[PDB]
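Protein chains in written order, with the deposited numbering: chain A, 159 to 206; chain A', 159 to 206; chain A'', 159 to 206; chain C, 450 to 484; chain C', 450 to 484; chain C'', 450 to 484. A prime marks a further copy of an entry chain.
For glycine and all other residues, C-beta sits at the position ideal for the given N, C-alpha and C.
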Amino acid sequence: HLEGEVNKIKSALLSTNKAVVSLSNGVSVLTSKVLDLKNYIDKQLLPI
Amino acid sequence: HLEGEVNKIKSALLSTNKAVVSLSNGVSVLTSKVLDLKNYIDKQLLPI
Amino acid sequence: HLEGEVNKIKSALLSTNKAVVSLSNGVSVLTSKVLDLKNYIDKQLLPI
Amino acid sequence: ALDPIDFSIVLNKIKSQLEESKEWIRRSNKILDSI
Amino acid sequence: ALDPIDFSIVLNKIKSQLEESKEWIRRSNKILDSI
Amino acid sequence: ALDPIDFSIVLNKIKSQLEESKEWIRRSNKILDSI
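Dropping the structure here:
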């Protein structure tokens, strides 16, 4: 019964780990896009 | 003693899982707001 | 063998927890910078 | 030059990725609830 | 039209949510430290 | 006044922190794979 529970917890954490990598990659892309947005504003502000 | 430790790890992971959902929802809202910010800039740039 | 597996899962979750705090702090800083960006745009839009 | 279509596509993909993250946590929660 | 008050409120709420995330991890770390 | 150098530095540091997050998960995955 204990071995089964341990196997379940391992399976659960592997799934939690997948969620965190997905989240991390998402925030990485968003940060890159905010940098791109800042560059666009600064380069777009020149004439105006 | 082992059953107790397993129960503790389950409790810990449930808490970690709560942290990740909170984080995920937060990043989702921030992404929506960055999209809104981009829309505001593009619609605000028209006159200027 | 079971005690060893439990010790491993504890070690793994401590590492996952470190990943989440790092992620959380990162998103917190990014949110602050998006607020700063909004303030810059609004204060930069005044003349133009 | 910032592509407006690409910008929206990429951020909407991030939102899709976050829903995937939430799905992985639901799976983890269900497994733990079975213990 | 982007409400400036709403924008600040929503992003400041995200910052509050992140502190909640950190609190959940502290709870998890404490439980594991007890093992 | 928004420092353009500081802004880039801070967001590039966030990107570095995220790579650290990914490294912590790789360590966790490896430990679980050993079980």
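**OP:** Evaluate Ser477 (chain C) with the Cβ neighbour count: other Cβ atoms within 10 Å of its Cβ, from every protein chain shown; 16 or more gives buried, anything less gives exposed.
**Re:** buried
Original post:
Do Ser180 (chain A'') and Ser470 (chain C'') have their C-beta atoms within less than 8 Å of each other?
Top reply: The Cβ-Cβ distance between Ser180 (chain A'') and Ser470 (chain C'') falls below 8 Å.
Subject >> Selected residue, minimal CA-CA separation from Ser190 (chain A), among C'':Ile474, C'':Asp452 and C'':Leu467 >> reply: C'':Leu467
Original post:
Using a C-beta to C-beta distance shorter than 7 Å, which residues of chain A'' count as neighbours of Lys196 (chain A')?
Top reply: Those do not exist, as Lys196 (chain A') stays about 11 Å from chain A'' at its closest Cβ, beyond 7 Å.
Subject >> CB of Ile474 (chain C) within 8 Å of CB of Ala177 (chain A), strictly >> reply: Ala177 (chain A) sits close to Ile474 (chain C), with the two beta carbons spaced by under 8 Å.
Original post:
Below 8 Å between beta carbons: does that hold for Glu163 (chain A) and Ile484 (chain C)?
Top reply: yes
Original post:
Terminal residues of the continuous alpha helix (DSSP H) containing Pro453 (chain C')?
Top reply: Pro453 to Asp482
**OP:** Pick helix, strand or coil for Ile199 (chain A'), following the three-state DSSP scheme.
**Re:** helix
Subject >> Under the three-state DSSP convention, the category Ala450 (chain C') falls into >> reply: coil
Subject >> Contact set between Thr189 (chain A) and chain C, taken where Cβ atoms lie within less than 7 Å >> reply: Correct list: empty, because the minimum Cβ distance to chain C is about 10 Å.
Subject >> Spatial distance of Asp194 (chain A'') from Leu160 (chain A) (CA atoms) >> reply: Roughly 52 Å between the two C-alpha positions.
Original post:
When the cut-off is 8 Å and only beta carbons count, does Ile454 (chain C) lie next to chain A?
Top reply: Not one chain A Cβ lies under 8 Å of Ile454 (chain C).
Original post:
Is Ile206 (chain A'') helix, strand or coil by DSSP?
Top reply: coil
Original post:
Buried or exposed: residue 396 (chain C), going by 16 or more other Cβ atoms within 10 Å of its Cβ?
Top reply: Since the displayed chain C opens at 450 and closes at 484, residue 396 (chain C) lies outside it and no answer follows.
**OP:** Compare the C-beta of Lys201 (chain A'') with all C-beta atoms of chain C' and state if any pair is closer than 8 Å.
**Re:** no
Subject >> Neighbour list for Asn175 (chain A') in chain A, Cβ cutoff strictly below 7 Å >> reply: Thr174
Original post:
Distance, Cα to Cα, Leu171 (chain A'') vs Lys166 (chain A)?
Top reply: 14 Å
Subject >> Between the CA atoms of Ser173 (chain A'') and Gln202 (chain A'') - distance to the nearest angstrom >> reply: 43 Å
**OP:** Measure from the C-beta of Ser180 (chain A) to each C-beta in chain A'' and report whether the shortest distance is under 8 Å.
**Re:** It does not: the Cβ of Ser180 (chain A) has no partner Cβ on chain A'' nearer than 8 Å.
Original post:
Of the residues that make up the segment 459-484 of chain C', which ones have a beta carbon closer than 7 Å to any beta carbon in chain A''?
Top reply: Here the close residues are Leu460, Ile463, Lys464, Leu467, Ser470, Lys471, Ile474, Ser477, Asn478, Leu481 and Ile484.
Subject >> Cβ-Cβ distance between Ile454 (chain C'') and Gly184 (chain A'') below 8 Å >> reply: no
Subject >> Exposure label - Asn175 (chain A); buried when at least 16 CB within 10 Å >> reply: buried
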